[PDB]
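Below sits a lone chain in C-alpha cells, taken as the form solved without this ligand.
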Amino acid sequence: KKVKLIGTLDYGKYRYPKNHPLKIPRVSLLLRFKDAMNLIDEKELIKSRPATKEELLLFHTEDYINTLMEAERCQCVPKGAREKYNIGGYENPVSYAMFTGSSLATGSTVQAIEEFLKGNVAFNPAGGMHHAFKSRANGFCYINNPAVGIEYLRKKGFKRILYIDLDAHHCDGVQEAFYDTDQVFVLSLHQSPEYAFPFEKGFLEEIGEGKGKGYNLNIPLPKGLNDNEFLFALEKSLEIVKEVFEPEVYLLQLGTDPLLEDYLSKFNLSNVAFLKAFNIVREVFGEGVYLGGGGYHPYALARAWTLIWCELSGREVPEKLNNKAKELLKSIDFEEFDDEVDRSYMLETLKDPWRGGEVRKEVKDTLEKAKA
C-alpha cells in the first residue's frame, strides 16, 4: 500500500484576489514546505489533473459549469449570473481560481479516490471545497469536490458512503447535496451558525429529509472551543454515526481553520488535537479518502497538514522547523489580522502544545440531544 499526496505548484497561479482570505498560497505552500523540511519524495507525489466535464456533471448542472468557464476566460460577470449563480461579489469573485483552480482541486479529489480504490492511501489538500451548491457558488467555493467525489463513488456502485467534515464551518453545500438520500451520511462538526457562516444552515435539528431523514448530523460548537471539547464532540458523534450507519467507504475533510491561529474560526485548537482527531476517525472507521479544506493562516495550515502527511507517510515528526522552512514561511506576505499577537513562536516548532480544558455543559448537552 503506497501513500500519495495529490498536488501541484500550479495552484499558486490561481489565487483569490486582493482582500480575499484565500489570497494566500496554500497547497503550493504545503508542497514547498514539505520539500523544505525534506518530508516528501517525488514518487509520493501525484500531479493534479483537471476534473473532466463529465466528472463535474456528476454533481453540477451544465448551465452553472458553463457560466464559470465563460466568466473566467472573459473575466466578467455575465448578465444575470450575480443573482442566479452567486458569482462576482466579494465572496465568490471572478478570478482564475473560479474554474481552472477549482477544476484542478476537484480532479485531485477524483485522483485521491482513484488511488484509494487501488488500495493505496491518498491525501488531496486542495479538496474539501464543501460550500458550493449544485448550481450556485457559495462560501468562496465554486465547485463542490466532495459532492463530485461522492457521486463518483455512487456511480461505481457504492451504496453506503460516509462523509465527515472537520472544518470549523458547516459543509452546507454537501448537506444539501445528500439531504434527501440514505445512501450518503454526512457528519459535520463546526462553529454554530448562530454565530458563524453560513448562519443559515448547520443547526443540530437539520437531520435530513424523506429517505435521508436521520442521515445528516450537524454538531454545532461554541466560541472558544478547546481541544478536549473538540475531541469529546468528535468521539461521541462518531459513536452516533457508527450505531446507525456502516460505511462501505468514507471521506474525511481536514480544514485547518479550527486552529487557534486561524481568525476565521472562534475555535482555539492545537495542531496536536487536530492530528489526534484525524487518528480517532481512522480508529473508528479504518482508512478512508482524505481531503483538505478551509484554512486561512499560512503557518497554521503548513504545520498542521505536515503533521497529517507525517502520520500517513509513516515518518517521525521533527520537533523543529529547519532554516529553509522558516525562511519559506517568513517570505509569505501574510500580515496578521490582529496588529500584533506575535505568531513567530510557530516558526520555532512543528507541533504546538496541547490547548485543552474542561468540557462545557453546552457541549455535553448538544451531544446528548444529538444522540436522542
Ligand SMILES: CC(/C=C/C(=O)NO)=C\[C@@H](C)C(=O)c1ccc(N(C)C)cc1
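Numbers for residues come from their place in the sequence shown, where the first is 1.
Beyond the structure shown, there is the form deposited with this ligand bound, which is absent from this document and is the topic of what follows.
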Fill in the blank from the handout: Interface check vs this ligand in the deposited complex: of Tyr299, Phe185, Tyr296, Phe99, the one with a heavy atom inside 4.5 Å is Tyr296
Exercise for the section: Could you tell me which one of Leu264, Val121, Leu238, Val94 places a heavy atom within 4.5 Å of this ligand in the deposited complex? Expected result: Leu264
Practice task
Name the stretch: of 283 to 291, 212 to 220, 256 to 264, 143 to 151, exactly one has residues whose heavy atoms fall within 4.5 Å of this ligand in the deposited complex.
Solution key: 256 to 264
Exercise for the section: Would you check, heavy atoms only and a 4.5 Å threshold, whether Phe197 touches this ligand in the deposited complex? Expected result: yes
Practice task
Find out whether any non-hydrogen atom of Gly139 is located within 4.5 angstroms of this ligand in the deposited complex, and reply yes or no.
Solution key: yes
Handout entry: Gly356: touches this ligand in the deposited complex, heavy atom cutoff 4.5 angstroms
Key = no
Practice task
Using the partner position in the deposited complex, report whether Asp167 sits within 4.5 Å of this ligand, counting heavy atoms only.
Solution key: yes
Practice task
Note that this ligand is not shown here; using its position in the deposited complex, name the residues of 52 to 66 with a heavy atom within 4.5 Å of it, in sequence order.
Solution key: none
